[PDB]
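The lines below spell out each chain.
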Number of protein chains: 2
Amino acid sequence: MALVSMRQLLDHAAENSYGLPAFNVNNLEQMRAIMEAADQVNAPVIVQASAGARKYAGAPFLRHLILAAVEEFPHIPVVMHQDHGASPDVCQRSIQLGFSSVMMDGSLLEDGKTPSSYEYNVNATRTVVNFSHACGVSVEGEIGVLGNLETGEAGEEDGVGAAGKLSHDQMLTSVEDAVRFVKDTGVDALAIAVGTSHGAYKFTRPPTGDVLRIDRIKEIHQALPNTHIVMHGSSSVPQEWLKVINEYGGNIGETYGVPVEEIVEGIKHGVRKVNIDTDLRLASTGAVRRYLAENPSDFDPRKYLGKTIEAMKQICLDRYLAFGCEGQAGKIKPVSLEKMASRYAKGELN
Amino acid sequence: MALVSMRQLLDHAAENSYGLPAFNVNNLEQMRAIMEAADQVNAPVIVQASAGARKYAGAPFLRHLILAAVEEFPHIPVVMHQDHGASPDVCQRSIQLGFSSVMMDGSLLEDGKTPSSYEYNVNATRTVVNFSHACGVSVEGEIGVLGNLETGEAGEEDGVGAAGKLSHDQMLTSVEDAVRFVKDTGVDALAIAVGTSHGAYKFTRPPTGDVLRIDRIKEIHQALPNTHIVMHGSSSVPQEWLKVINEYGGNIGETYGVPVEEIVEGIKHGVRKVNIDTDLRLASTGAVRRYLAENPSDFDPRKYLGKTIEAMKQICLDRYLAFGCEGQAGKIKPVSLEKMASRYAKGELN
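Residues numbered from 1 in each chain as written, not as in the entry; some residues may be left out. Chains lettered and ligands numbered in written order. Heavy atoms only, no water. Residues with missing side-chain atoms left out of burial classes, pairs and counts.

Going by the header, the method for this PDB entry is X-ray crystallography, and the resolution given is 1.6000 Å.

Put simply, the rule is: UniProt positions are given in the numbering used here, feature names are shortened, and annotations may be inferred rather than shown by experiment.
Naming follows the PDB entry, where chain A appears as Fructose-1 of Neisseria gonorrhoeae. The record for the entry shows the title "Crystal structure of a fructose-bisphosphate aldolase from Neisseria gonorrhoeae". Regarding chain A, the UniProt comment filed under Sequence similarities (unreviewed entry) reads as follows: "Belongs to the class II fructose-bisphosphate aldolase family." Check the Catalytic activity (unreviewed entry) section of the UniProt entry for chain A; it says "beta-D-fructose 1,6-bisphosphate = D-glyceraldehyde 3-phosphate + dihydroxyacetone phosphate".

Dropping the structure here:
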């Protein structure tokens with residue numbers, strides 16, 4: 001079986017009033033956790049990979065992890081999405097490696113750290129949209145710079161994130177910039193900046209409506225009722241796993257993530273893709289620390305790494321269920337990328 | 001590029017007076033460690049998987065890990081070998097999944113625990129040889145029951161290993177039984193029992209010539225000068241990694257493995273395949289325990305799992321170099337399995 005386009009999945013999510021978690025993958029245990037969770041609740045899958053993931057795993061290994069997933073779970077539609085593409089050339093290479101969706105992150109320059117001009121962003125993103133749609137491949141773009149609205153800090157997602165203190169206007173997407181950007185690029189999915197950031201250290205206190213601007217998601221959805229919105233940096237940071245990490249030799253200070261309740265509110269207002277990485281890292285590290293402490297004579301990696309599969313799988317299950325994904329995989333009839341390309345050429349997805 | 005047969009690699013090892021380590025694989029980090037080591041020293045690769053590995057990783061994932069390895073390292077010939085096949089049906093399924101070599105472990109019944117009769121063993125093994133050679137697939141068989149000659153205990157390799165106390169005669173392959181078994185089966189590789197066993201707890205003291213019968217390998221090689229011998233249970237158990245595990249929250253008592261020096265002596269007398277699993281598990285667990293202790297705030301699995309890649313890679317490098325494998329990959333012109341099947345049919349590999 002083949003991969004599905006992200007545009008098909010996000011269209012179905014909007015039609016049926018749900019939103020999909022998009023999980024980062026780096027190795028076998030992470031891929032098994034994602035697929036086993038999706039299979040259990042019969043949910044569609046978006047799996048994504050960063051440039052850091054390619055460096056760690058190797059491009060052939062990432063490609064073949066997804067091919068194995070589709071073979072073992074043939075009834076589960078799978079998108080393979082390239083996160084934080086630094087340039088059109090990067091996105092073109094990802095298409096050649098078999099990705100069905102790419103993010104051209106034109107909100108930063110090719111260094112993945114310097115905020116870009118509007119014109120640079122549109123030029124790079126429009127370029128990727130044109131050559132991706134010719135192949136049926138979906139494109140996510142970003143307008144606004146991810147970062148914390150109180151501190152001006154973005155954090156780092158596998159080396160990607162603004163360097164230096166950001167201004168309020170940089171980190172909060174204006175409604176009209178979102179409108180102009182969609183008109184100018186034709187992206188399939190729009191990442192916006194509303195106060196989330198990469199990593200575990202998103203908020204020093206439980207986020208308020210002033211620092212996590214769900215109200216701005218509502219405003220953008222009112223202006224762009226048909227645009228699928230992407231929430232980056234939207235791990236919830238499970239306090240129960242922070243507790244386990246701190247109990248078994250780790251040290252993570254008091255910090256909070258994006259609450260599931262607020263993500264669900266975003267889904268009611270057009271969020272169809274919710275990027276989650278840090279939560280799986282925290283669940284994995286808590287599970288390994290606890291197993292090693294409780295089983296000092298066990299040296300089979302499958303024993304403690306098996307605990308990371310189960311811990312990550314429970315995160316994924318929780319998110320699929322809370323975001324409305326149960327049973328939706330059985331409703332989707334996959335469209336080939338060649339057919340998607342034909343639909344783009346006819347203007348049916350404008 | 002395709003997989004190579006194990007018979008081709010073992011023939012080349014005998015022609016050039018070296019022996020190959022055969023590493024068990026269960027996930028991405030293990031596969032990368034093996035391939036990066038082999039690429040660094042330009043050595044051929046035997047990677048093997050147990051039934052326990054299939055249960056843990058999934059058969060499509062194991063298959064695609066090997067496909068990714070061949071794609072990223074196209075100049076490194078790779079065998080994918082099914083370890084401890086419990087029945088002809090299991091070995092047939094492994095061929096269907098794309099293995100280029102299988103072990104029919106007829107020394108135990110299908111439960112993987114009850115020692116078999118000679119006739120059962122020959123019947124199962126001959127059956128697998130006939131249908132494997134018709135496809136060009138290599139076959140390893142075993143005569144003699146693995147286990148410790150002083151204690152009568154075999155240990156467990158992913159659930160495989162004799163149950164109950166074994167007799168001296170069961171655990172030490174006689175020369176004439178090896179001769180009869182090769183004549184009766186036509187295997188490509190012969191596993192024998194000379195005092196090794198699965199796992200870390202092979203010997204309570206550094207092994208002597210009485211408990212690790214390298215002299216019997218010499219005797220069997222004198223009787224069967226053209227038979228490629230397989231040493232199971234031949235991890236060395238690195239004392240430096242035991243020290244690290246014990247320093248960082250683990251507890252492994254005093255125990256010893258098979259010394260590299262004795263394995264090299266075996267290679268001089270016909271050992272061409274040396275099975276190693278436990279050493280990679282020990283290197284992995286020591287590396288993760290140390291990293292977690294030294295970096296309490298780090299929760300990115302790639303950081304501590306990356307240390308397992310490097311630790312396992314160093315084991316593999318050490319073994320490839322010590323066993324004579326450096327540079328040998330560049331000398332091998334791969335033969336397709338279809339051509340191997342033709343050679344078998346013409347009697348050229350009898």
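1. A look at the overall build of chain A
Operational definition: Counting from the N terminus, the helices are DSSP H or I runs at least four residues long and the strands are E runs at least two residues long. Radius of gyration: over C-alpha atoms. The globule rule applied is 2.2 Å multiplied by the number of residues raised to the 0.38 power.
The secondary structure content of chain A amounts to 14 helices and 8 strands. Computed over C-alpha atoms, the radius of gyration of chain A comes to 19 Å, within 12% of the 20 Å expected from 2.2 N^0.38 for 350 residues, which places it in the range of a compact globule. The dimensions of chain A, computed from C-alpha atoms along their principal axes, are 60 × 45 × 35 Å.

2. Let's talk about the interface of chain A and chain B
We apply this condition: The contact rule is simple, with two residues in contact once any of their heavy atoms fall within 4.5 Å. Using a 1.4 Å probe, buried area is obtained as the accessible area two parts lose upon being combined, added over both of them. The term salt bridge refers to a side-chain nitrogen of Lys or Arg lying within 4 Å of a carboxyl oxygen of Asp or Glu.
Taken together, the 49 residues of chain A in the interface contact 49 residues of chain B. For chain A, the biggest contributors to the area lost against chain B are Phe61(A), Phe299(A) and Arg302(A); these three give 21% of the whole. The interface formed by chain A and chain B contains 6 salt bridges. The closest approach of N and O atoms between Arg63(A) and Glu71(B), which form a salt bridge, is 2.8 Å. Contributions of two or more residues to the side of chain A that touches chain B are made by α2 (28-41), α3 (51-57), α4 (59-72), α12 (278-294) and α13 (301-322) of chain A. Considering each element in turn, the side of chain A that touches chain B owes the most residues, 10 residues, to α4(A).

3. Considerations on the UniProt feature "binding site: dihydroxyacetone phosphate" (unreviewed entry) in chain A
Residues and elements named next belong to chain A. The following threshold applies: Buried means the residue's accessible area, taken with a 1.4 Å probe over protein chains only, is under 20% of the maximum for its type, while exposed means over 50%, and partly exposed covers the values in between.
Cross-referencing UniProt, the feature "binding site: dihydroxyacetone phosphate" (unreviewed entry) maps to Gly 199, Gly 233, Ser 234, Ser 235, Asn 275, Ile 276, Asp 277 and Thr 278 in the present numbering. A maximum C-alpha distance of 11.3 Å is found for the annotated residues, which run over 80 residues; spatially they form one tight group. Within the fold, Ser 235 resides in the loop between β7 (229-231) and α10 (239-247). In this structure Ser 235 touches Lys 202, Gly 257, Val 258, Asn 275, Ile 276, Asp 277, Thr 278 and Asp 279, once residues within four positions along its chain are discounted. Its place among the elements puts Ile 276 in strand β8 (residues 271-276). Among the residues examined, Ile 276 registers a relative accessible area of 0% and is labelled buried.

4. Some words on the side chain of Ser94(B)
All names here are of chain B. Topologically, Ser 94 is positioned in helix α5 (residues 88-96). By relative accessible area, which is 2% here, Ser 94 ends up buried. Aside from chain neighbours lying at most four places away, what touches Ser 94 is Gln 82, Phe 99 and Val 102.

5. What about the environment of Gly152(A)?
Residue and element names in this part refer to chain A. Mapping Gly 152 onto the fold places it in the loop between β5 (138-143) and α7 (168-171). Distance in space between the C-alpha atoms of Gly 152 and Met 171 is 7.8 Å, their sequence separation being 19 residues. When neighbours within four sequence positions are excluded, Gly 152 is seen to be in contact with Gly 164, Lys 165, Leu 166 and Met 171.

6. Description of the UniProt feature "binding site: Zn(2+) 1" (unreviewed entry) in chain A
Residue and element names in this part refer to chain A. Per the UniProt entry, the sites bearing "binding site: Zn(2+) 1" (unreviewed entry) are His 84, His 198 and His 232 in this numbering. Taken together, the annotated residues stretch across 149 residues yet fold into one region, lying no more than 12.0 Å apart by C-alpha. Once residues within four sequence positions are removed from consideration, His 84 is found in contact with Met 103, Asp 105, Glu 142, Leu 146, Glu 157, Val 160, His 198 and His 232. You can see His 232 is positioned in the loop between β7 and α10. Judged by its relative accessible area of 2%, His 232 falls in the buried class. Sequence-distant contacts of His 232, defined by excluding residues within four places in its chain, comprise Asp 83, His 84, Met 103, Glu 140, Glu 142, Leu 146, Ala 191, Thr 196 and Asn 275.

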